[PDB]
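Below you will find one chain, with nothing else, as C-alpha coordinates; this is the form solved without its partner chain, and questions on how it binds or moves follow later.
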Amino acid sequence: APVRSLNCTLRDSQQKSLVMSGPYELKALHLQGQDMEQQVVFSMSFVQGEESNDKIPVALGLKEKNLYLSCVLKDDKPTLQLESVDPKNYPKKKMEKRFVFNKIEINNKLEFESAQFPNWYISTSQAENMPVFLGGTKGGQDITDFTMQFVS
(Lines give C-alpha, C1' and ligand atoms only; values in the text may rest on other atoms or scores of the structure.)
Protein backbone atom coordinates (compact mmCIF):
# COMPACT_ATOMS: atom_id res chain seq x y z
CA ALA A 1 0.00 0.00 0.00
CA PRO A 2 1.12 3.63 0.27
CA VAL A 3 3.77 4.63 2.82
CA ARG A 4 2.27 5.96 6.05
CA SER A 5 3.34 9.40 7.31
CA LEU A 6 2.57 11.72 10.23
CA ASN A 7 3.06 15.48 10.52
CA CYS A 8 5.12 16.49 13.56
CA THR A 9 7.61 18.88 15.17
CA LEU A 10 10.75 17.94 17.14
CA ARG A 11 12.30 19.70 20.18
CA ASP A 12 15.69 18.75 21.71
CA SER A 13 15.84 17.78 25.41
CA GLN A 14 16.96 21.35 26.19
CA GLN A 15 13.52 22.31 24.65
CA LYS A 16 15.03 24.09 21.59
CA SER A 17 12.84 24.17 18.44
CA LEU A 18 14.11 23.55 14.87
CA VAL A 19 13.69 26.13 12.04
CA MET A 20 14.61 26.37 8.27
CA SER A 21 16.95 29.50 8.38
CA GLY A 22 18.87 29.37 5.02
CA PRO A 23 18.73 27.48 1.68
CA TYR A 24 19.41 23.91 3.07
CA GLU A 25 19.94 24.78 6.77
CA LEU A 26 18.04 23.77 9.97
CA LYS A 27 18.78 25.64 13.26
CA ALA A 28 17.97 24.87 16.93
CA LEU A 29 16.93 27.82 19.12
CA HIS A 30 14.76 28.59 22.07
CA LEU A 31 11.29 29.61 20.72
CA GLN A 32 7.95 30.53 22.33
CA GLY A 33 4.85 32.50 21.37
CA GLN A 34 4.33 34.04 17.91
CA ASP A 35 7.84 33.00 16.67
CA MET A 36 6.70 29.29 17.04
CA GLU A 37 5.10 29.42 13.55
CA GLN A 38 8.77 29.52 12.28
CA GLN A 39 9.45 25.94 13.43
CA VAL A 40 9.89 23.20 10.83
CA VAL A 41 7.06 20.73 10.38
CA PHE A 42 8.24 17.27 9.45
CA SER A 43 6.46 14.56 7.55
CA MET A 44 7.76 11.43 9.34
CA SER A 45 7.36 8.38 7.05
CA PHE A 46 7.40 4.80 8.47
CA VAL A 47 9.78 3.03 6.07
CA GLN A 48 11.29 -0.36 5.29
CA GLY A 49 14.13 -1.45 7.57
CA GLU A 50 15.27 -3.57 10.58
CA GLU A 51 12.70 -2.94 13.42
CA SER A 52 12.19 -3.82 17.15
CA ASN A 53 9.79 -2.70 19.95
CA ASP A 54 11.63 0.56 20.68
CA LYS A 55 13.58 1.04 17.34
CA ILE A 56 11.45 2.10 14.30
CA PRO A 57 12.92 3.06 10.89
CA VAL A 58 11.68 6.48 9.64
CA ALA A 59 12.44 9.11 7.04
CA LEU A 60 12.21 12.81 7.95
CA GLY A 61 10.84 14.93 5.12
CA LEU A 62 9.91 18.64 5.41
CA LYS A 63 6.12 18.99 5.18
CA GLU A 64 4.98 19.50 1.52
CA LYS A 65 8.62 20.00 0.39
CA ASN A 66 10.71 17.57 -1.69
CA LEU A 67 13.48 17.77 0.97
CA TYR A 68 14.63 14.98 3.29
CA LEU A 69 17.22 14.73 6.01
CA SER A 70 19.98 12.41 4.80
CA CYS A 71 23.30 11.07 6.02
CA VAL A 72 26.27 11.07 3.63
CA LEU A 73 30.03 11.21 3.85
CA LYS A 74 31.25 14.78 3.30
CA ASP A 75 34.97 15.65 3.22
CA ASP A 76 35.29 12.02 4.57
CA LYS A 77 32.90 12.36 7.61
CA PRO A 78 29.27 11.14 8.29
CA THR A 79 27.26 14.40 7.97
CA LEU A 80 23.62 15.46 8.04
CA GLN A 81 22.30 17.23 4.95
CA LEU A 82 18.95 18.32 3.54
CA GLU A 83 18.63 16.62 0.13
CA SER A 84 16.09 17.38 -2.65
CA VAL A 85 14.31 14.50 -4.42
CA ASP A 86 11.93 14.02 -7.35
CA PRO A 87 8.53 14.99 -5.84
CA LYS A 88 6.76 12.43 -8.11
CA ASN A 89 8.58 9.53 -6.39
CA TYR A 90 8.61 10.46 -2.64
CA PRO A 91 7.78 9.58 -0.05
CA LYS A 92 8.04 5.87 -0.66
CA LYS A 93 8.11 2.82 1.61
CA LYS A 94 11.59 1.66 0.41
CA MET A 95 13.57 4.86 1.10
CA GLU A 96 17.30 4.73 0.26
CA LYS A 97 19.47 4.04 3.31
CA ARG A 98 20.95 7.60 3.58
CA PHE A 99 17.35 8.82 4.34
CA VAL A 100 16.63 6.24 7.09
CA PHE A 101 16.88 6.95 10.82
CA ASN A 102 16.21 4.49 13.60
CA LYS A 103 13.80 6.31 15.91
CA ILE A 104 14.69 4.89 19.36
CA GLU A 105 12.50 5.46 22.44
CA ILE A 106 14.55 5.55 25.73
CA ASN A 107 13.20 7.00 29.03
CA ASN A 108 10.34 8.95 27.44
CA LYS A 109 12.72 10.64 24.90
CA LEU A 110 13.55 9.88 21.23
CA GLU A 111 16.94 9.51 19.58
CA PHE A 112 17.34 9.36 15.78
CA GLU A 113 20.30 7.14 14.83
CA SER A 114 21.52 7.06 11.20
CA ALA A 115 20.62 3.62 9.66
CA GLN A 116 23.62 4.18 7.29
CA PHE A 117 26.14 5.17 10.04
CA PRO A 118 25.59 3.17 13.27
CA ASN A 119 25.94 5.21 16.48
CA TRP A 120 25.73 8.59 14.67
CA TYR A 121 22.73 10.64 15.84
CA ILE A 122 20.77 13.74 14.91
CA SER A 123 22.33 16.27 17.34
CA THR A 124 22.05 19.89 18.46
CA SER A 125 24.53 22.15 20.23
CA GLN A 126 23.93 23.69 23.66
CA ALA A 127 24.39 27.20 22.14
CA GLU A 128 21.46 28.94 20.39
CA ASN A 129 21.23 29.30 16.59
CA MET A 130 23.71 26.57 15.59
CA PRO A 131 23.16 23.92 12.89
CA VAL A 132 21.50 20.58 13.48
CA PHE A 133 24.18 17.98 12.70
CA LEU A 134 25.14 14.31 12.83
CA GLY A 135 27.11 13.55 15.98
CA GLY A 136 29.15 10.38 16.48
CA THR A 137 28.22 9.84 20.17
CA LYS A 138 24.95 9.83 22.23
CA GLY A 139 27.30 10.99 25.11
CA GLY A 140 28.89 14.39 26.17
CA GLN A 141 27.91 18.13 25.68
CA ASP A 142 25.91 17.77 22.40
CA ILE A 143 22.22 16.92 22.66
CA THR A 144 20.95 13.67 21.02
CA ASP A 145 17.51 13.37 22.80
CA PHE A 146 14.27 14.86 21.45
CA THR A 147 10.55 14.98 22.02
CA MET A 148 7.91 14.73 19.23
CA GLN A 149 4.76 16.92 19.01
CA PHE A 150 2.01 15.65 16.69
CA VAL A 151 0.58 18.28 14.27
CA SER A 152 -2.81 18.37 12.39
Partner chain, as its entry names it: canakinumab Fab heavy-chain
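Residue numbers count along the first chain shown, from 1. Between two forms, the rigid core is the largest collection of C-alphas that superpose within 1.5 Å.
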*What stretch shows more C-alpha movement in 8 other deposited structures of this protein relative to this form, 58 to 66 or 37 to 45, after the core is superposed?*
58 to 66
*When the other structures are laid on this one by the rigid core, do the CA atoms of 110 to 118 or of 22 to 30 sit farther away in 8 other deposited structures of this protein?*
22 to 30
*Name the higher of the two by mean Cα B-factor in the PDB entry, 31 to 39 versus 65 to 73.*
31 to 39
*Pick between 10 to 18 and 138 to 146: the one whose mean CA B-factor in the entry is higher.*
138 to 146
*Have a look at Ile122, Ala115, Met44, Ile106 and flag the one whose Cα has the highest B-factor in the entry.*
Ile106
_Criterion, highest CA B-factor; candidates, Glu96, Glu111, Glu50, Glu83_ = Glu50
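Just so you know, the form solved in complex with its partner chain exists too; it's not on screen, but the next bit is about it.
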*Applying a 4.5 Å heavy atom distance criterion, does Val19 contact its partner chain in the deposited bound form?*
yes
_Contact label in the deposited bound form: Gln39 to its partner chain, heavy atom within 4.5 Å_ = yes
*asked:* At 4.5 Å, heavy atom to heavy atom, what parts of 26 to 42 sit next to its partner chain in the deposited bound form? List them in sequence order, or say none.
replied: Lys27, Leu29, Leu31, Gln32, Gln34, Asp35, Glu37, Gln38, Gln39, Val41
